[PDB]
Structure formats: C-alpha cells, structure tokens
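Input: a single structure, listed below in structure tokens.
Ideal geometry is used to build each Cβ from the backbone, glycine not excepted, and the neighbour counts take in all protein chains shown. What follows is calculated from the coordinates using simple rules that are stated; it is not laboratory data.
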Amino acid sequence: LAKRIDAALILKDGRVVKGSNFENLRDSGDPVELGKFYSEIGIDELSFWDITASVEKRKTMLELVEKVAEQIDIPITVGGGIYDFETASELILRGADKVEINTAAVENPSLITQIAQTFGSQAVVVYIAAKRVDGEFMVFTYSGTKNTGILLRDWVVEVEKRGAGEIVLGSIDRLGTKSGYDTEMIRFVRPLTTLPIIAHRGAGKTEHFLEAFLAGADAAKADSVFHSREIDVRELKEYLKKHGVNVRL
C-alpha cells in the first residue's frame, strides 16, 4: 500500500540512451551504476527497457540482468521486445524480479498466463500504451506505432483475467511532454481493475506525482525527468510525504 516511485532506464547496447547529468558518477551512461545510485537515494523499483534492435539483443539483456542482480537490492523489472515464455523465463532465472511485456501480450495474451503459471502473477508486468482516437482510449503496440483497434477498457479487464500482476499505463498523448501525467486516463482505468496501476509519461514537476496518486495510481514511473535532475528523488519523496501521501522514506 505505500505509494511507489519508480525509475526507468532506456537502454541500447547496454548503454543508457542519452545518459544522465549525474556529474558525480564514474560513467554517466552505465546502467548498473546509475541504477545503484538511484537505489541509494531512494527509488523504490527500477525498470530496464531495452530498445536494442540487433542480433545481439538477447545475449546483451541477460548479461546486464546478471550484473544488476549482483549490485542492486530493490525490485528489478526488464522489458522491451520480450516475445515468448522462454525469453521471459531466462530473464527471471538470471535475476529479474519481473518481466514486462506489451506487443507480445496483445498479440498472444496466453503469454501472460504462461509466465504467471510458473512464476506467479507478481512476476508479470503488462505495459499498456494507450492514446485517444476519435473519443476512445485505444491500445497501441510496436513502440506506440500500431493502432491495434483494441479498446483500453477491454484490454485492462483481459490482462487481469489472464494473470498479470500490475499494469504500467503509458499515455502516448504525454510522450516527451512535461505537463503532467494523464490523470484522466488513470481515472478511466482505476475502477476497471484491482491491479496496481503504474502511471507513466508526462511528469515534469513534483506536483505532477501528487496529481497521479490522487487519480488512483499505485506507483509513478519516470525516466528523463530524473536523469536530467529536473526532479530530485529525495526532494520528491519529502514533498509527497509533506502533503499526506504514503511514500517509503
């Protein structure tokens, strides 16, 4: 029940895409060091999202998960182009606490059930990328480019039914913006599911996290707004505690 503050790291070839601004780090593009630093200053969970599109993708993610598991103690999620049970299984066995699937879940929802059947629902995260299209929230796959024709309200119900443990709700209408999380979309989904809802996309300032939790989010995920140091994780948690939000300090 404590509200969660999650940091996500976008990776290509084992490197943090666009780096960070933590001058104090030995390598500002090293996902292991950046992740360990975040765990020290009080991030609650970490996401490693791989956009590597090469024949080396699978082998790279597994070696990264090995290193991260040794040095980092907080929950680790890994995602990005995980397409089948075998890939998911190896990542979990190598040390990932949770695997995140999106396009493969939409195309083959049985995959949700296969993963949860062996590892439990707690190990399955479904990232849902959604966007308003002609007055309706619709689900998008392939890095947000494919309108599947599936309604968000239908897919949320099916994801829980299939056995996912939590849903990351990413508003494509907030991609790259700094104007706030999509609280209308969070409020839309909240009554439809009892699963943990993770808000993603749009965070630009500390008050946006308060808004997301008042909307019913169980966690808030951000990336560049942390890496750029626009928002300090410690200052964010003290702000949220100050204003009545249950965060782990």
Where trypsin sites (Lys or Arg not before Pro) in DSSP loops with at most 16 other Cβ within 10 Å are excluded, longest remaining stretch of the chain:
27-177
Given the pairs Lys12/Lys161; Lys98/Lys146; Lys67/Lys178, which are separated by over 27 angstrom at their Cα positions?
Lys12/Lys161; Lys67/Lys178
Provide the gained length on full extension for the span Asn147 to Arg234, in nm with one decimal, where the gain is 0.36 nm per separating residue minus the Cα-Cα distance.
27.5 nm
Please report the relative contact order for the chain, taking Cα pairs under 8 Å with a sequence separation of at least 6, and give it as a percent rounded to a whole number.
18 percent
Taking the alpha carbon gyration tensor of the chain, what are the square roots of 5 times its eigenvalues, largest first, to the nearest whole Å?
25, 23, 17
Once you list every other residue whose beta carbon is under 10 Å from the beta carbon of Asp13, what net charge do they have if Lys and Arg are +1 and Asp and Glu are -1?
+1
Efficiency of FRET from Cβ geometry, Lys18 and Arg187, R₀ 22 Å, rounded to 0.05:
0.10
Write down the percent of antiparallel bridges among all DSSP beta bridges whose residues are both part of the chain, to the nearest 5.
25 percent
Set the Förster distance to 30 Å, then compute FRET efficiency between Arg248 and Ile51 from the Cβ-Cβ distance, nearest 0.05.
0.50
Would you mind counting up the charge near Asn108? Only other residues with Cβ under 14 Å from its Cβ, with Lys and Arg at +1 and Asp and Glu at -1.
-3
Least to most buried among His243, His227 (fewest other Cβ within 10 Å first):
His243, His227
If the convex hull is drawn through the Cα atoms of the range 162-217, its volume per residue in Å³:
74 Å³
